[PDB]
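This report concerns only the one structure given below.
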Amino acid sequence: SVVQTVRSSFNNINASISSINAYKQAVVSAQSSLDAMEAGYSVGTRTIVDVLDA
Amino acid sequence: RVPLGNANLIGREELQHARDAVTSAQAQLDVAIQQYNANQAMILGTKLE
């Protein structure tokens, strides 16, 4: 039982690292989309609902 | 469409397009009216004889 538990914990740490990387990439993508939506609104090609959704 | 823009609930390009559409329709009507007037220059509302 100790064998299996320690192995599982190790794999879990690795999975956590990978998930963190994925989420950082997602955050950057969302920031870019929000900046685009805000600039469009500033120039007058988009409403404010889009800004709030972003 | 104007009232929505008054409250900022539509893009300003949508208002610009609608206003330009009104102006273009007015110009087309002017063309038609002047064409009709040109045709009426050859009659001057006189009898057939």
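So basically every Cβ, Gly included, is an ideal-geometry build from the backbone, and we count neighbours across all protein chains shown. Since every read-out is calculated from the coordinates, none of them should be taken as a lab result.
Between segment B:7-49 and chain A, what is the C-alpha centre distance in whole Å?
54
Find out how many positive minus negative residues lie around A:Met37, taking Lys and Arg as positive, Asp and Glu as negative, among other residues whose Cβ is under 11 Å from that of A:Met37.
Net charge around A:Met37: -3.
Taking the dipole about the Cα centre of chain B, with the C-beta of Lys and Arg at +1 and of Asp and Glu at -1, give me whichever of B:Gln34, B:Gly11, B:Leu48 is farthest to the positive side.
Comparing the listed Cα positions along the dipole, B:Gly11 ranks first.
Any idea what angle helix A:2-43 forms with the longest principal axis of chain A, computed on alpha-carbon atoms, 0 to 90 degrees, nearest 10?
Approximately 0 degrees, to the nearest ten.
Ignore the peptide's own chain and count Cβ atoms of other chains within 10 Å of each Cβ in A:7-14; give me the average, rounded.
Rounded to a whole number, the mean comes out at 0.
Mind ordering B:33-40, A:30-37, A:1-8 by average Cβ neighbours within 10 Å, highest first?
The densest-packed peptide leads the list: A:30-37, B:33-40, A:1-8.
Sort the protein assembly as shown into rounded, prolate or oblate with this rule: let a ≥ b ≥ c be the square roots of the eigenvalues of the Cα gyration tensor; rounded if a/c is under 1.5, and if a/c is not under 1.5, prolate when a/b is larger than b/c, oblate otherwise.
Verdict is prolate for the protein assembly as shown.
What ranking of B:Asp20, A:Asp50 emerges when the number of other C-beta atoms within 10 Å of each C-beta is taken as an exposure proxy, fewest first?
B:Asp20, A:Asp50
What is the helix-to-structure angle for B:12-40, meaning the angle in degrees between its Cα long axis and the longest Cα principal axis of chain B, kept from 0 to 90 and rounded to the nearest 10?
Once rounded, the angle reads 0 degrees.
Using a cut-off of 13 Å between beta-carbons, work out the net charge of the residues near B:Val2 (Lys and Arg +1, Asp and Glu -1, B:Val2 not included).
With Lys, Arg at +1 and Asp, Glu at -1, the net is +2.
For peptide A:36-43, how many partner chain Cβ atoms fall within 10 Å of a residue's Cβ, on average?
1
What does the helix-only formula give at 222 nm for the protein assembly as shown: each DSSP H stretch with n ≥ 4 adding -39500 (n - 2.57), the total divided by the residues, and the result rounded to the nearest 500 deg cm²/dmol?
It lands at -27000 deg cm²/dmol.
Quick one: divide the alpha-carbon radius of gyration of chain B by 2.2 N^0.38 Å and tell me what you get.
That works out to 2.04 for chain B.
Ranked by Cβ crowding within 10 angstrom, fewest neighbours first, how are A:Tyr23, A:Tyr41 ordered?
A:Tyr23, A:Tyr41
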